[PDB]
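**Student:** Here it is, the structure, as structure tokens.
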Amino acid sequence: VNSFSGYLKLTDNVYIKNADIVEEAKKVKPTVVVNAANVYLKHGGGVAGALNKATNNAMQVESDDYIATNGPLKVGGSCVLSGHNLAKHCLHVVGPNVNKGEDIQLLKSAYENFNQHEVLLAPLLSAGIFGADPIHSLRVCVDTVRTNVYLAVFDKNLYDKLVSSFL
Ligand SMILES: OC[C@@H]1C=CCCN1c1ncnc2[nH]ccc12
Ligand SMILES: [Cl-]
């Protein structure tokens, strides 16, 4: 039993809700919140910009030190950093950005990072400003993640389409 509330159950381990991931994380304080990161951990917009703003830019400060030490992430890769005031940890995961021409096949590799954590609050990877089809992103999530994932979908219209079209 966990403290996530109001989710629809898609499979044994995947749940979905219309919610603002920032507001969700502040309420639940999950062990892990997933960020829709880029390889440079430059949290300018989309989910990443919103999560970083909610940390008063502390996420960006920590991320800049991470990059200065380790260099960029790989597309499909991840790193674990602090969750600041939002969660214990933030799993920064880089899905392919279709608007940069990155290979959508890497979306499965991106979701595989979730399997290293027993429970996560997450967005759909490569959705929104990353330019992938969110219906596809949900399909890959369900077919790749085996741990317990609570998916927050900000847009109410998109959420209804995701549910009504889910196979
Ligand atoms: O697929 C990512 C998704 C789709 C469109 C825009 C960003 N996205 C978000 N998903 C969940 N919570 C969010 N809070 C702020 C943004 C946000
Ligand atoms: Cl985004």
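Following the order of the structure tokens, chains are lettered A, B, ..., residues in each are numbered from 1, and ligands are numbered from 1.
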Just want the 7 Å neighbourhood of stretch 76-85 of chain A, counted on only C-alpha atoms, with same-chain residues fewer than 2 positions away dropped. Output as a PyMOL selection string.

**Tutor:** chain A and resi 55+73-74+87-96+106-107+109-110+113

**Student:** Step by step, measure atom-to-atom distances between ligand 2 and each residue using only C-alpha atoms and all ligand atoms, keep those at most 7 Å, then write them as a ChimeraX atom specification.

**Tutor:** /A:36,45-48,127-130

**Student:** Could you give me the residues within 10 Å of ligand 1, counting only C-alpha atoms and all ligand atoms, as a ChimeraX atom specification?

**Tutor:** /A:17-25,35-36,45-51,121-134,137-138,151-155,158-159

**Student:** Nearest to residue A:33: which of A:167, A:149, A:9, A:143 is it, counting only C-alpha atoms?

**Tutor:** A:149

**Student:** Report as a PyMOL selection string: the residues of stretch 67-113 of chain A with a DSSP assignment of helix (DSSP H, G or I), based on the backbone of this structure.

**Tutor:** chain A and resi 67-70+98-100+106-113

**Student:** Got a sec to tell me which of chain A DSSP assigns to strand (DSSP E or B), as a short mmCIF file (atom, residue, chain, number, x, y, z; two decimals) with N, CA and C atoms, in the first residue's frame?

**Tutor:**
```
data_model
loop_
_atom_site.label_atom_id
_atom_site.label_comp_id
_atom_site.auth_asym_id
_atom_site.auth_seq_id
_atom_site.Cartn_x
_atom_site.Cartn_y
_atom_site.Cartn_z
N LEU A 8 -6.20 5.70 -12.21
CA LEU A 8 -6.78 4.57 -12.93
C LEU A 8 -5.70 3.51 -13.09
N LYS A 9 -6.10 2.24 -12.99
CA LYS A 9 -5.18 1.12 -13.05
C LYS A 9 -5.20 0.56 -14.47
N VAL A 14 1.13 -0.52 -13.74
CA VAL A 14 1.06 0.81 -14.33
C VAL A 14 -0.28 1.46 -14.01
N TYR A 15 -0.21 2.67 -13.48
CA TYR A 15 -1.34 3.50 -13.09
C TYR A 15 -1.23 4.85 -13.79
N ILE A 16 -2.36 5.54 -13.98
CA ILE A 16 -2.37 6.78 -14.75
C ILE A 16 -3.40 7.75 -14.18
N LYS A 17 -3.09 9.05 -14.24
CA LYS A 17 -3.94 10.08 -13.67
C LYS A 17 -3.73 11.39 -14.42
N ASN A 18 -4.79 12.20 -14.50
CA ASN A 18 -4.67 13.58 -14.95
C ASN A 18 -4.21 14.41 -13.76
N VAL A 32 10.78 8.44 -5.43
CA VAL A 32 11.39 8.79 -6.72
C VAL A 32 10.38 9.55 -7.56
N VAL A 33 10.76 10.75 -8.01
CA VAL A 33 10.08 11.43 -9.10
C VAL A 33 10.99 11.40 -10.32
N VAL A 34 10.41 11.10 -11.48
CA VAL A 34 11.15 11.09 -12.74
C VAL A 34 11.06 12.46 -13.40
N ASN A 35 12.21 12.97 -13.83
CA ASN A 35 12.29 14.15 -14.67
C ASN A 35 12.49 13.75 -16.12
N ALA A 36 11.78 14.46 -17.00
CA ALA A 36 11.96 14.43 -18.45
C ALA A 36 13.17 15.29 -18.81
N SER A 78 20.18 7.81 -17.76
CA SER A 78 19.62 8.44 -16.58
C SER A 78 20.70 8.68 -15.54
N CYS A 79 20.35 9.51 -14.56
CA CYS A 79 21.13 9.60 -13.33
C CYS A 79 20.18 9.88 -12.18
N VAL A 80 20.60 9.47 -10.98
CA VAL A 80 19.86 9.73 -9.75
C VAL A 80 20.48 10.93 -9.05
N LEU A 81 19.67 11.95 -8.80
CA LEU A 81 20.08 13.13 -8.04
C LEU A 81 19.06 13.37 -6.94
N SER A 82 19.24 14.45 -6.19
CA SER A 82 18.31 14.75 -5.11
C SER A 82 16.92 15.07 -5.65
N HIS A 89 14.39 11.32 -4.11
CA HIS A 89 15.31 11.30 -5.23
C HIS A 89 14.58 11.76 -6.49
N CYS A 90 15.35 12.34 -7.41
CA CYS A 90 14.89 12.58 -8.77
C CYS A 90 15.70 11.70 -9.72
N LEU A 91 15.00 10.86 -10.47
CA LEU A 91 15.60 10.08 -11.55
C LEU A 91 15.45 10.90 -12.83
N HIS A 92 16.56 11.48 -13.29
CA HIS A 92 16.58 12.25 -14.53
C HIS A 92 16.75 11.26 -15.67
N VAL A 93 15.75 11.14 -16.54
CA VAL A 93 15.76 10.17 -17.63
C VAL A 93 15.66 10.91 -18.95
N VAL A 119 9.15 1.83 -6.99
CA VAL A 119 7.97 2.67 -7.18
C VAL A 119 8.43 4.04 -7.66
N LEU A 120 7.74 4.59 -8.65
CA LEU A 120 8.09 5.90 -9.20
C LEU A 120 6.84 6.69 -9.56
N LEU A 121 6.92 8.01 -9.38
CA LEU A 121 6.01 8.98 -9.99
C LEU A 121 6.70 9.51 -11.25
N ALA A 122 6.00 9.53 -12.38
CA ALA A 122 6.67 9.84 -13.63
C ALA A 122 5.74 10.51 -14.62
N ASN A 148 6.50 -0.50 -10.17
CA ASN A 148 5.22 0.18 -10.01
C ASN A 148 5.37 1.64 -10.39
N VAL A 149 4.69 2.04 -11.46
CA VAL A 149 4.82 3.39 -12.00
C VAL A 149 3.46 4.09 -11.99
N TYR A 150 3.48 5.30 -11.44
CA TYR A 150 2.33 6.19 -11.32
C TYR A 150 2.57 7.34 -12.29
N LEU A 151 1.82 7.33 -13.40
CA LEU A 151 1.99 8.26 -14.51
C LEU A 151 1.07 9.46 -14.33
N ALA A 152 1.66 10.65 -14.32
CA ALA A 152 0.93 11.90 -14.24
C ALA A 152 0.89 12.54 -15.63
N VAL A 153 -0.32 12.82 -16.11
CA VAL A 153 -0.55 13.41 -17.42
C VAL A 153 -1.21 14.76 -17.19
#
```

**Student:** Name the closest residue to residue A:140 among the candidates A:165, A:105, A:13, A:115; distances are taken between atoms, counting only C-alpha atoms.

**Tutor:**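 Distance minimum relative to residue A:140 lands on A:105.
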
**Student:** Using only C-alpha atoms, which protein or nucleic acid residues come within 7 Å of residue A:111? Drop anything in the same chain fewer than 3 positions from it, and give the result as a count of residues only.

**Tutor:** 6

**Student:** Quick one: distance from atom CA of residue A:5 to atom CA of residue A:28 in Å, one decimal?

**Tutor:**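 Calculated distance between atom CA of residue A:5 and atom CA of residue A:28 is 8.9 Å.
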
**Student:** Atom CA of residue A:99 to atom CA of residue A:66: how many Å, to one decimal?

**Tutor:**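 Taking atom CA of residue A:99 as the start and atom CA of residue A:66 as the end point, the length is 25.2 Å.
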